[PDB]
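Read the structure below first, then the notes.
Atoms considered below: every heavy atom in the structure, side chains included; atoms not considered: hydrogens, waters and symmetry mates. Protein chains get the first letters and strands the later ones, always in sequence-line order, with residue 1 at the start of each.
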Amino acid sequence: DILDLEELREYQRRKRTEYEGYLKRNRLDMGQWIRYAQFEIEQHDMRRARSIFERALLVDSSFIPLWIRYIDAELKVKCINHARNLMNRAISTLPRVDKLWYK
RNA sequence: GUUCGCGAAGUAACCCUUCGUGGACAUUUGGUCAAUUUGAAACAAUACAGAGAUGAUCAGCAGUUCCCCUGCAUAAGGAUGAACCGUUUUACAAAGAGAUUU
Ligand SMILES: [K+]
Ligand SMILES: [Mg+2]
Ligand SMILES: [Mg+2]
């Protein structure tokens, strides 16, 4: 498929334009947000992935699978202290959800 | 420059003409900006494609958007103005049961 960094940049531009267009036209599709963040984790660009999860939380902070995905994504890449800040924030905004406490 | 005053020479003329000189009058413009190509107007042309619903053709009216255009416009029109068609995996458990690590 992709043989060169410039070709990776072309691929990333096309996919980012696709995902951003759909999330512009309909921001409330949380699964679309999740798989865009997953795309950026596949690109190993954790800054972009974190930004997408944060924007998704700004669209809807009450949606528990989005929180769990973000926390698990931080832990999967050994970013434990980021995960600690994130989980503390998660319980701080939603203290009555048992799943976040257990996580 | 005009004018008030005082000295020198016309004109012993104290006013008029000239020269020297003290004072008053009048007091800070304009630029966000330089005169052709390299600080960004658009159509048109050319080639190829081509018409929302669906079996076919067409009237529309909306909605979402970090697209706007025409219009005095909160009217109306722009193909129903366009973009929309794609992509889709975990808040993941319980009971068994068969191969097997220990
Ligand atoms: K029509
Ligand atoms: Mg209309
Ligand atoms: Mg419309």
What's the base orientation of B:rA40: syn (chi within 90° of 0) or anti?
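Syn conformation for B:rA40.
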
Check the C1'-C2'-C3'-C4' sign on [N] and let me know if the sugar comes out north or south.
N	result
B:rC33	south
B:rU87	north
B:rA26	north

Under a 3.5 Å rule for both distances, is B:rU37 the Watson-Crick or G-U wobble partner of B:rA82?
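They are not paired, because the relevant distances do not both stay under 3.5 Å.
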
Interatomic distance where [atom1] belongs to [X] and [atom2] belongs to [N] [whole Å]:
X	N	atom1	atom2	value
A:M30	B:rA91	CE	P	14 Å
A:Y19	B:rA83	OH	P	22 Å
A:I52	B:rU87	CD1	P	20 Å
A:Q32	B:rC84	CD	P	14 Å
A:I91	B:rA91	CD1	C1'	16 Å

Does A:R25 form a salt bridge (charged side-chain N to carboxylate O under 4.0 Å, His left out) with A:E20? I'd like the steps, not just the answer.
CA-CA 9 Å; A:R25 286 184 289 274; A:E20 290 276 10; over 6 Å; no

For [N], the Watson-Crick or wobble counterpart (both distances under 3.5 Å):
N	result
B:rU101	none
B:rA62	none
B:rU3	B:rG23
B:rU54	none
B:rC72	none

Enumerate the protein-to-nucleotides 65-69 of chain B contacts in which both atoms are nitrogen or oxygen and the separation is below 3.5 Å.
| from | atom 1 | to | atom 2 | distance (Å) |
| --- | --- | --- | --- | --- |
| B:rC67 | OP2 | A:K24 | NZ | 2.8 |

Using the rule side-chain hydrogen bond (donor to acceptor under 3.5 Å, both in side chains), only one of A:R48, A:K15, A:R16 pairs with A:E40; which is it?
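Passing option: A:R16.
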
Where the side chain of A:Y22 is defined as all heavy atoms beyond and including C-beta, which of B:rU90, B:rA91, B:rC85 is the nearest nucleotide?
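Output: B:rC85.
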
Does any donor-acceptor pair link the side chain of A:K99 with the base of B:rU90 at a separation under 3.5 Å?
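By the distance-only test, no, there is no pair.
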
Stepwise salt bridge (charged side-chain N to carboxylate O under 4.0 Å, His left out) test for A:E54 and A:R89
CA-CA 12 Å; A:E54 292 290 350; A:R89 184 173 146 212; 2.9 Å; yes

Given the rule that I, L, V, M, F, W and Y join up when any side-chain heavy atoms are under 4.5 Å apart, are A:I52 and A:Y22 in one cluster?
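No; A:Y22 is not reachable from A:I52 via cluster members.
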
Intermediate values then yes/no, side chain to side chain contact (heavy atoms under 4.5 Å, CB included), A:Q38 and A:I34
CA-CA 6 Å; A:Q38 186 62 238; A:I34 279 163; 5.5 Å; no

Could you tell me which residues satisfy ring pair (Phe, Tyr, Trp, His ring centres under 6.0 Å) with A:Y19, sequence neighbours excluded, listed by chain and number?
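Ring pair (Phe, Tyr, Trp, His ring centres under 6.0 Å) check on A:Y19 returns A:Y36, A:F39.
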
